[PDB]
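Read on for two forms of one protein chain; each stands alone as structure tokens, with the labels structure 1 and structure 2.
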Structure 1
């Protein structure tokens, strides 16, 4: 059984987390759990029956996760899910982040292992023509350094922030608190709009001629490098038109450490627009 969904609670403080903890990326979509068929957060069926069908038929009983459409708005990905379609045919993906088996009093570590095993036992689960299942196997953490890195890591892969779990954690039928530490939400990273100044040549010799390697950036007063965030689409076009890029605007994300105006792990998000 899973009676009420596992709602998370949000972090007001960052040095607020117990250690050897486990973590994954937050998904920006529609919550769905398998009990006979697929359910919404509010436990009425998934109205897109093709979604409901194809999931129940891949996922095992007890799987907790999130429907999303890879690269669509959070509100069109609703229209796909929150509308009863007899004949859907578009591609979408489901994020598997918990699995209940039976007893909900067992530990997250163990729940994850049931998850890991079931995948190795039913490897087609991952290989579907229409539905992409994506299992979020939480990576380990040990430092506050190690966490903040995870968040940087996450955003760069285009996720909103990170979820933090206590290993021995129960499946709570409702919302986790600060102290019980099952699901915390982490969005401690600040989004900002900034100006570039100099590139540096790269360095020649959960998923399943030089080029720019890192920029140097202004952003009101301050001077630091962004290395992480770009791709071989971007990096390879920054370098070629470097003198055409110096000083244009770039959307980024960062954490604020000790009292110096100079971020920790900054991340590139986007090239900014020049319209009205």
Structure 2
């Protein structure tokens, strides 16, 4: 009945890959948190802001799954509030409750939602707290592409980050859902743009002592000591109409080679990339390389 590890989402690129009917909810741009005795982050480390942990641990039933978010605040402000080990904290904050694991993890998503609906009926006060606004996310039924697109337009106008899609009978998988599985899909709209390469930085292999983590995955520290330079491009620094930042994902092995081999000739060339607008502070959020020219 314990949540071995949080359910993660797969990315939807081709809307035709969606299996209908499906259950959708708005995507919250916040910080993940599951109640396992106390409030835990996505990596199962306790939530630093003891006041939030305490308040949520009390209001929510063991096995709750959701995201913490500050209404009207920037993403970074929400991050500061959640990641800071505040002694005392009085500001208002919300918690979007989107899943609930009771006894069996293999219970169908629709049923787990029913559990949420039932629990809320029995404890009305948990949505009335004066400091913590607990917002339940009951999925909406979408039967086709026309409906999904309409729903998307709707949640985006209301300020959400995007839309999350669930297979009705999907189990609560311990780990990341795949596309074929369709258990949990995220749907975000990225914006394409172009920028000029101004420099290149070499790729660095991390040879720090490989350990284990809260789940049993390979964990390696990032001490600059264990970082050994390789003869391939690690990231490029670009100039997006005055804004300077780096793009390091979206390259395959051959490209990292080609880029480093011709580091001289590529400086000054225009690259196409994409990024997510919402949440961007001083430069593009989630920059991903697409191509050249």
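Basically, rigid core = biggest C-alpha set you can superpose within 1.5 Å across the two forms. Positions refer to the first chain, counted from 1.
For the set 217, 39, 54, 27, a Cα shift of at least 2 angstroms between structures 1 and 2, after rigid core superposition, holds for 217 and for no other residue. Relative to the larger rigid part, the smaller one is rotated between structures 1 and 2 by 159°, as taken from C-alpha superpositions. Structural comparison between structures 1 and 2 after rigid-core fitting shows the C-alpha of residue 71 displaced 0.9 Å. Core-superposed comparison between structures 1 and 2: residue 187 shows a Cα shift of 2.0 Å.
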